[PDB]
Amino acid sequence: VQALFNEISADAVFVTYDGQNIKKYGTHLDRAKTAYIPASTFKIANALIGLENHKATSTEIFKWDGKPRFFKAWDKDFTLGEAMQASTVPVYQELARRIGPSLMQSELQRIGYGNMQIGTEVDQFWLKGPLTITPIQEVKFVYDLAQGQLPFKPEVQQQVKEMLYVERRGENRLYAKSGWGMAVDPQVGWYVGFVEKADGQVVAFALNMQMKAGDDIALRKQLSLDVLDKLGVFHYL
């Protein structure tokens, strides 16, 4: 499992949490206590805050305004859940603006998300700082989401869980969110989520790694699923 990790020159940590114990794997374990920008993984918290504070619904269609976005794949209409899986920044920036800086700040503090700092710009703080979060905090946040244990209404947590539903493999279910922060140095790669196993156990996970411009986009998920197979959490079908 260690051999898997250093087949790349990836500098990387993989964290698991089962509600009592944190386990760490990879090439650079100190990464798990290290704080990084959440990038696209912040969409989980943005969705939760938005639904809880009645700023959006899980059925609302955020329409494209016709102005070309950073990626052409984002030049369409999205619900929050579709935007979650496509990582559609401008949709979640619209949501963040509906929320507003003081409510966003008060809410991230209330729920104890990372360092709880947003600064002045309500649509940039998760992409360039000053908000940072450790992979351990990330694994515990999504674990709590999985259990309905976050400080949000139960139906809100359920809605955001379904936004993260990415694979069914028998009676096992995978929930995940990827992230690639490119506007910081060094670049940060995330793949965070949980597996709801057929036996009833949930295991939460977080991949956190250094990235750079060459890197293939699928590598984070591949790695994660690789490790989860090796650990026995989510076997390849």
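We call the rigid core whatever largest set of C-alpha positions still superposes within 1.5 Å between the two forms. Don't overthink the numbering: it's just position in the shown sequence, from 1.
After superposition on the rigid core, the larger root-mean-square Cα deviation in 9 other deposited structures of this protein belongs to 208-216, not to the other of 24-32 and 208-216. Across the superposed structures in 9 other deposited structures of this protein, aligned by the core, the stretch whose Cα atoms lie more distant on average is 8-16, chosen from 8-16 and 219-227. Between the stretches 209-217 and 13-21, it is 209-217 that shows the larger average CA temperature factor. The PDB entry records a higher mean C-alpha B factor for 185-193 than for its counterpart among 185-193 and 43-51. The entry assigns its greatest Cα B factor, within the set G119, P151, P135, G81, to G119. Ranked within its chain, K33 lands in the middle third, by CA B factor from the PDB record. Among all modelled residues in its chain, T59 ranks in the highest third by Cα B-factor. In the PDB entry, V156 places in the middle third of its chain by CA B-factor. Sorting the modelled residues of the chain by their CA temperature factor places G179 in the lowest third. Ranked by C-alpha B-factor against the other modelled residues of its chain, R97 falls in the middle third.
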